[PDB]
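In what follows, a single structure is set out as structure tokens and then discussed.
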Amino acid sequence: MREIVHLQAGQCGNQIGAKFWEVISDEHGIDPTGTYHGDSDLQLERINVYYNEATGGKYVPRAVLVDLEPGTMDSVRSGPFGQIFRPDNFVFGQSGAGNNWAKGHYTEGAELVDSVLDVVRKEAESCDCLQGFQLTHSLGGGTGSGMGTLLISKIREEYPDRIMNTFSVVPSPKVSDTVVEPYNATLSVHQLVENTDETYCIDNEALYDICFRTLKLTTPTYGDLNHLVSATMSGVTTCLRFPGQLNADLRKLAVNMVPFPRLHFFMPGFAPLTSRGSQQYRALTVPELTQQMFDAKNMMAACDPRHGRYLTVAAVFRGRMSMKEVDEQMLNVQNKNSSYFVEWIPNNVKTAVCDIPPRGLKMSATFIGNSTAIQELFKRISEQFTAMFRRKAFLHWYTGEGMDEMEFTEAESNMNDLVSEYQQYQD
Amino acid sequence: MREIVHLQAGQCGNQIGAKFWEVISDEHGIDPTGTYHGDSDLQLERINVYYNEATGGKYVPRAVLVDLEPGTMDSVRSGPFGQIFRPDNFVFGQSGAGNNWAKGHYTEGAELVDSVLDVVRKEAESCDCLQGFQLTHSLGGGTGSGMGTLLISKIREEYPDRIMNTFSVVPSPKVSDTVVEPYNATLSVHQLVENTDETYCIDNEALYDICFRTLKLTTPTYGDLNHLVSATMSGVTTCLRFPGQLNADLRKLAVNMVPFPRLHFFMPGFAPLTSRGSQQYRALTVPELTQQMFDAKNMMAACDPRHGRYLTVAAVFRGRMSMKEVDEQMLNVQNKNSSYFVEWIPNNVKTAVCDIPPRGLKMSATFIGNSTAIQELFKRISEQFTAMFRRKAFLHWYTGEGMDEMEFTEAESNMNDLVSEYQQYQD
Amino acid sequence: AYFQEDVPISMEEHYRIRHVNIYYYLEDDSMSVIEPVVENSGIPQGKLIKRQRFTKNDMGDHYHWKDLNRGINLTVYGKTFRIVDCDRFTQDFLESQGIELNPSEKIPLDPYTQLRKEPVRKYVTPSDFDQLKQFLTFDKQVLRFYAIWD
Amino acid sequence: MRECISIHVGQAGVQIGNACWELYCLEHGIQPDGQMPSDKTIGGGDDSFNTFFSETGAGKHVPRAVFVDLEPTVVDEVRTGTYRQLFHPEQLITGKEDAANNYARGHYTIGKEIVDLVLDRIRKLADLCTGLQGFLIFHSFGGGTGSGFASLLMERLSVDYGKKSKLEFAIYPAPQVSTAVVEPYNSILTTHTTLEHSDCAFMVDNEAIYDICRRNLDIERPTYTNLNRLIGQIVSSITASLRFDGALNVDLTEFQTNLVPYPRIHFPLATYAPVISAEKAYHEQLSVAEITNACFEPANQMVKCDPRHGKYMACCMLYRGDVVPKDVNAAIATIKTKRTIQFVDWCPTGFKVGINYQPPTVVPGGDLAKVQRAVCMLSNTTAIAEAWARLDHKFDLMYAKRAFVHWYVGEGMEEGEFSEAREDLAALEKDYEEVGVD
Ligand SMILES: Nc1nc2c(ncn2[C@@H]2O[C@H](COP(=O)(O)OP(=O)(O)OP(=O)(O)O)[C@@H](O)[C@H]2O)c(=O)[nH]1
Ligand SMILES: Nc1nc2c(ncn2[C@@H]2O[C@H](COP(=O)(O)OP(=O)(O)OP(=O)(O)O)[C@@H](O)[C@H]2O)c(=O)[nH]1
Ligand SMILES: Nc1nc2c(ncn2[C@@H]2O[C@H](COP(=O)(O)OP(=O)(O)OP(=O)(O)O)[C@@H](O)[C@H]2O)c(=O)[nH]1
């Protein structure tokens with residue numbers, strides 16, 4: 001059978017993975033102690049996709065957590081679902097990273113890469129047939145970036161045949177916390193784009209936009225932020241694990257969604273967000289879910305593609321619906337705003353229709369879109385990197401680490417190539 | 001199915017929006033909480049003209065409130081029927097207006113118009129098909145006029161196929177309180193006549209007169225004033241939602257009542273008023289009903305019509321009447337006084353007969369007619385404007401916000417044109 | 001006072017329960033409902049019912065304080081409420097009149113509100129370490145039992 | 001795990017070390033006995049305390065600190081004080097003669113025969129230690145004993161163990177107030193001898209402390225007890241992240257990476273925003289917007305540098321207590337939008353954020369208040385070179401008249417190092433001006 005091994009890196013991962021796993025546990029009905037409670041046939045029957053089998057109604061997560069500072073492991077283990085993970089599935093070094101990507105990329109990794117590869121091949125051969133791997137981290141997150149780059153570089157040649165989902169978060173346009181974030185971003189992208197196939201983009205400022213629009217609760221928590229994005233990844237994973245006459249495989253998505261070797265970056269999106277009183281002040285219909293999903297405010301990925309155009313979109317609806325509402329809705333948008341699409345491809349939409357919704361609500365959906373939106377993002381990173389490289393500020397640490405400026409030069413060349421290609425194909 | 005979308009603006013027009021909505025809700029028999037109390041299958045059948053449905057028997061109105069002062073909306077929200085409006089449907093700014101015109105026309109509208117257009121397009125997509133829109137505001141109101149000018153300007157072009165009912169109140173001939181008030185009105189009326197189809201012309205002085213004519217109770221509330229205006233507005237809307245041998249469309253009335261593109265000013269007319277003896281001392285017969293209809297005192301819009309001459313007249317009847325009696329009534333009134341009609345068009349009368357009685361009595365009517373009447377009104381306001389512009393008192397705020405005298409000049413040219421035109425059609 | 005409500009679509013709950021404050025004036029017998037404001041609530045707080053008098057039954061009657069007591073429910077323009085308890089001058093004046101007060105009752109708390117924050121509970125238990133005290137305090141202290149086995 | 005080594009050199013700094021350990025005992029409930037009340041948590045040394053105290057199986061939290069001095073007076077007094085059992089005996093190292101403010105006397109004539117013992121003690125700490133992230137040295141430039149001896153010991157540790165961090169706080173010379181006219185000499189000697197061996201240096205001044213004390217503490221007769229409590233609170237803030245748990249944490253590694261841009265230049269400045277009394281905190285209000293405006297308020301800085309004289313490179317803010325990042329980053333954005341503050345083009349981003357949920361702590365019999373949100377400011381900017389200019393334009397005159405150089409040659413030194421130190425400085429100011437050049 002086909003299954004997946006999860007990878008979580010970086011301090012961002014150290015919380016996002018926890019939230020995502022606890023949400024999935026809530027969905028399939030696993031108590032924090034781990035003793036299954038039978039209430040849903042389908043959740044009972046499609047669980048080997050992630051959970052392996054332990055003794056006595058208990059199940060192990062096929063996830064691997066990595067870090068260097070054991071305090072994060074302490075927090076995760078102390079969390080509401082830390083007990084459900086394994087000690088063996090935890091591995092750490094005995095030093096700090098301090099998000100010097102070079103430190104992590106030639107010094108800090110070389111001594112744990114072997115062990116983590118042993119554990120990952122252990123789990124892989126424990127399973128029977130994989131679809132592939134997904135890794136959760138930050139492209140601005142130094143530990144996550146440094147570890148994940150090498151990890152994917154190795155798994156590419158070790159298993160050249162699987163699906164390589166990368167789920168990474170984006171630095172804030174208004175304030176980056178870490179000053180070296182441009183450097184980290186370059187050192188990440190220059191190899192990530194050539195090793196990966198699918199990359200997701202998520203933005204905290206867009207999350208705060210979401211909070212100021214639909215949450216309307218003044219003070220949120222990053223826990224709630226993780227709640228939303230975990231819901232998004234849960235939604236993209238639901239299609240595989242539920243019955244229903246729809247197409248599931250991430251390959252069946254990627255072949256539709258990937259025109260070129262250089263086209264990898266995607267824009268998630270969630271479906272009805274209830275406001276303070278909308279709970280009993282709204283009406284749940286396919287038309288209004290469609291309208292909400294295709295709305296500027298609902299967007300959370302990078303920045304408005306109102307400047308740009310759209311190449312492909314894949315939408316997964318979930319609940320008992322009918323082919324006709326989705327078909328007519330897509331034709332309606334196609335004819336309504338027929339200019340902001342691109343004439344290259346006709347009918348850029350890919351539909352999936354899952355029968356069983358999330359527990360509690362009736363009809364829901366989720367979105368993903370390949371469109372020209374990341375341009376201003378890496379444009380900003382370009383201007384930051386040029387301004388920094390102009391006077392080698394902060395660069396002496398990397399010199400001492402054994403880094404040379406030629407690396408930065410080819411990285412900026414690569415990102416310039418992506419800028420030019422993305423502008424060119426439609427403009 | 002054809003619906004109407006309702007707009008509420010200006011601190012009074014908001015008064016009236018509350019009162020009008022609650023009147024309709026009570027007529028259709030709805031609690032303050034939105035749960036229907038089953039009494040009238042016909043009313044339940046035709047609720048869909050105004051009310052959407054939110055799951056769990058909640059009929060969210062297709063109305064939108066817009067203003068800039070938070071406390072006003074707090075009051076209307078905390079009114080006994082404020083909960084029926086939506087937290088979604090409350091767009092507003094964080095500022096006052098100063099009872100200016102150019103301020104709300106340039107300075108602050110530009111950053112609220114976007115949101116109001118987005119919400120109105122959302123609801124327009126939600127509903128099926130429209131006869132048009134209706135707006136409650138004040139021609140003299142600062143914020144209401146400043147909004148509505150731009151709003152109707154924005155809607156005219158992309159929706160040139162529907163009917164834009166306008167509803168406002170003239171300041172009193174004797175006093176306007178606000179002193180810049182004619183400045184504001186002479187600004188607005190230009191764009192209003194430019195974009196208008198149908199306009200209801202109301203002043204409260206005649207309403208105080210009516211109160212002292214037939215309710216005899218000395219001291220009413222502006223709430224009671226808005227009760228009366230709510231009934232008067234309901235008059236036209238009664239047609240669609242009830243069966244009967246009549247034509248219902250606003251076009252059905254408006255093409256008939258509008259001889260030339262330059263006729264948009266219409267005067268209300270109501271059904272037998274009640275005194276404390278009249279509840280059992282009235283003689284409810286169509287003879288005296290129509291006598292009252294064309295009773296000079298029954299008129300409540302501006303002032304005596306007997307100075308001028310009628311152009312068109314329309315009577316909507318509500319109840320279990322027959323058409324021959326009203327028809328011979330029209331016959332007899334033509335016989336008695338044909339003098340103050342015109343040779344331009346004979347048979348100036350139209351009769352529509354809706355057959356469902358109102359809540360409180362059996363048979364009634366609403367009169368709407370246009371005559372050679374508004375000459376003295378806008379003539380008066382014109383001497384006002386000449387006097388004030390004789391030295392341009394107060395102009396400096398408007399100039400500082402950015403305006404110029406030439407616009408006033410062509411506007412006054414427009415009003416003098418209306419003077420001449422109406423005078424001639426009479427002459 | 002307080003009142004319940006049912007959520008049809010949301011992920012968490014069957015129902016929500018909300019607390020409110022009732023002010024009855026002695027001037028014109030107006031009454032006002034005010035909700036206290038709590039952060040992250042996700043409801044529009046503030047004023048809920050402005051200044052006016054209220055209608056008990058159809059005719060036009062008016063809620064004269066001569067009929068209100070503890071432990072009473074009442075329907076008011078639809079939404080119905082229940083009275084829990086009152087404050088100092090209120091019961092003093094009301095017993096000065098002589099309204100027989102009813103035994104009080106607990107005001108419930110919103111499970112949604114509590115699960116928003118945390119379980120308010122206790123912690124602290126590590127492993128077991130007290131050897132030094134025994135070692136030093138009981139230097140070469142022994143017992144001597146004479147036992148028999150059959 | 002995460003723990004450091006505390007070094008307190010100089011009967012200059014020993015009283016502030018005393019104060020800071022006294023503050024440290026409160027929040028953990030370290031009694032002047034050294035043992036806890038009933039609740040048992042002692043074990044394999046695995047909980048918050050272990051970052052500061054090495055409780056062995058004794059039930060006695062013994063600090064990983066060392067005090068070294070050449071006067072027996074204060075050290076004998078403290079071992080006659082209260083926390084004498086708390087302190088380990090011979091990590092209180094004492095001498096008999098002082099340097100008499102003479103840097104060279106403190107660096108050569110006496111420095112040979114005590115470095116051996118302190119080496120032994122530091123290694124017998126380090127062996128049982130496992131984390132050894134770095135050292136917190138506390139000294140003084142105008143050191144009547146501390147200056148030269150500290151320079152020598154940091155020299156030797158730099159040459160022996162070069163793979164961890166080194167942090168320095170120091171009382172700065174008062175720009176217009178003096179306590180010994182030896183100060184320009186000993187200051188310049190320490191500075192230039194340490195520049196190629198000092199990772200990070202943070203600066204404090206008594207006059208600025210005093211001005212704050214009668215501006216917002218509003219008590220016109222302060223004390224060193226006040227000064228030392230404030231600076232101890234500062235260091236408690238800077239180490240809270242390591243000490244406790246939090247949403248996101250930062251470390252000395254991150255500090256030494258982000259704050260300093262270049263080689264050499266490593267001289268930022270500290271600030272504490274909610275420096276206010278109990279009654280003020282009581283019937284006033286505290287929140288992120290006003291504390292953030294305060295952190296850039298120019299008169300609360302402990303160095304008399306005019307902000308609009310200089311320009312900014314780095315800003316690390318530690319927010320401690322109850323906050324969410326929304327209004328935090330909103331406020332820092334509003335500050336970026338503010339026009340008077342002048343960022344160089346070198347740092348389009350400069351905001352190193354650290355959020356620790358745990359609120360700070362009051363002390364019994366203290367003068368602080370029951371804070372909820374505190375923010376500590378560590379900012380590096382160019383406005384400090386004015387201090388160096390002030391120092392040099394007096395160093396030159398005293399060099400020219402060459403007074404007390406007879407003392408220095410008599411104690412057995414020359415003029416060559418004094419010569420070279422001045423162009424070391426001149427290089428520092430020229431580099432400041434070059435980096436200021438956009
Ligand atoms: N979990 C989590 N991550 C956050 C949060 N806010 C920002 N992040 C980002 O998540 C990124 C990834 O963290 P890691 O990869 O584990 O950290 P790292 O590799 O040591 O590199 P740094 O970015 O310097 O922390 C960080 O760089 C932060 O910028 C948050 O509230 N929670
Ligand atoms: N709500 C309310 N409005 C009233 C009442 N009486 C008169 N009004 C009218 O409300 C008018 C103004 O209302 P709006 O249309 O909201 O005007 P605005 O743009 O908000 O600015 P203003 O005209 O200065 O109030 C006044 O000119 C009055 O004529 C009343 O009793 N209640
Ligand atoms: N560190 C510290 N400095 C103080 C204190 N009170 C005043 N100062 C300033 O700190 C300087 C102390 O430095 P030194 O005189 O060299 O101290 P020392 O080398 O240990 O020798 P002693 O003066 O005997 O303590 C003085 O010049 C004062 O300006 C204090 O309590 N602690």
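The backbone N, Cα and C atoms fix where each Cβ goes, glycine too.
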According to Swiss-Prot, which residue among A:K58, A:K174, A:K216, A:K379 is annotated as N6-acetyllysine?
A:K58
For which of the residue intervals A:1-4, A:61-64, A:81-84, A:245-248 does Swiss-Prot record motif 'MREI motif'?
A:1-4
Counting all other Cβ atoms within 10 Å across every protein chain shown, which of the binding-site residues A:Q11, A:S138, A:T143, A:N204, A:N226 scores highest?
A:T143
Around the Cβ of A:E69 (GTP binding site), how many other Cβ atoms lie within 10 Å? Please give the count over every shown protein chain.
21
Where the C-beta lies under 6 angstroms from ligand 1, the matching recorded positions among A:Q11, A:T55, A:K58, A:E69, A:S172, A:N226
A:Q11
Alpha-carbon distance [A:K58 (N6-acetyllysine); A:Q11 (GTP binding site)] in Å
28
Measuring Cα to Cα, tell me the gap between A:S172 (phosphoserine) and A:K58 (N6-acetyllysine) in whole angstrom.
40
Students should find that the Cβ of A:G142 (GTP binding site) has, within 10 Å, a number of other Cβ atoms equal to 29
Which of these recorded positions (A:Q11, A:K58, A:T143, A:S172, A:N226) have a C-beta closer than 6 Å to some atom of ligand 2?
none
Could you check what DSSP calls A:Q11 (GTP binding site) once collapsed to helix, strand or coil?
helix
Can you give me the same-chain residues 6 or more apart in sequence from A:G144 (GTP binding site) with a CB-CB distance under 8 Å?
A:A9, A:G10, A:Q11, A:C12, A:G13, A:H137, A:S138, A:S168
Those recorded positions out of A:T55, A:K58, A:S138, A:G142, A:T143 that pass a Cβ cut-off of under 8 Å to chain D are none
Using DSSP, how many residues in the motif 'MREI motif' (A:1-4) fall into helix, strand and coil?
0 helix, 3 strand, 1 coil
Max CA to CA distance in Å over the GTP-binding set A:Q11, A:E69, A:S138, A:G142, A:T143, A:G144, A:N204, A:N226?
24
Nearest of the binding-site residues to A:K58 (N6-acetyllysine) by CA-CA distance, picking from A:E69, A:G142, A:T143, A:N204?
A:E69
Pop the Cα-Cα gap between A:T55 (phosphothreonine) and A:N204 (GTP binding site) into the table, whole Å please.
41
